[PDB]
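K.L.:
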Amino acid sequence: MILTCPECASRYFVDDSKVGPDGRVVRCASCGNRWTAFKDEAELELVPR
Ligand SMILES: [Zn+2]
């Protein structure tokens with residue numbers, strides 16, 4: 001999965017295990033900013049995986 005920094009305005013990637021449907025906090029590698037992230041890669045119903 002990938003997330004965008006509110007400050008760097010740039011994308012950064014992490015494993016899908018780093019976030020769940022309940023959400024999880026993350027940290028920027030470029031400015032140390034922090035915010036809550038959420039999953040969408042498998043949030044849909046009847047998902048095959
Ligand atoms: Zn940043």
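Each residue of the sequence shown is one higher than the last, beginning at 1 in the entry's author numbering. Note that the Cβ used here is the ideal one computed from N, Cα and C, for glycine as well.
1) Could you give the distance in angstroms between the alpha-carbon of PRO48 and the alpha-carbon of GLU41?
2) Using the C-alpha atoms, what's the distance from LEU46 back to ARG11?
3) Tell me which residue opens and which closes the beta strand (DSSP E) that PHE13 is part of.
4) Taking 7 Å as the limit between beta carbons, can you name the residues of its chain near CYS5, skipping five residues before and five after?
P.N.:
Taking the structure as given:
1) Counting from one through the sequence shown, the residue named residue 48 turns up at place 48. Counting from one through the sequence shown, the residue named residue 41 turns up at place 41. Each residue's alpha carbon lies about 11 Å from the other.
2) Locating residue 11 in the sequence shown gives position 11, counting from the first residue. Locating residue 46 in the sequence shown gives position 46, counting from the first residue. Spanning the two alpha carbons is a distance of roughly 29 Å.
3) On the sequence shown, position 13 is the one that residue 13 refers to. Looking at the DSSP string, the run of the beta strand (DSSP E) that includes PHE13 is 11–13.
4) Here residue 5 refers to the residue found at position 5 of the sequence shown. Excluding residues within five positions, the ones whose Cβ falls inside 7 Å are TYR12, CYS28, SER30, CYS31, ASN33.
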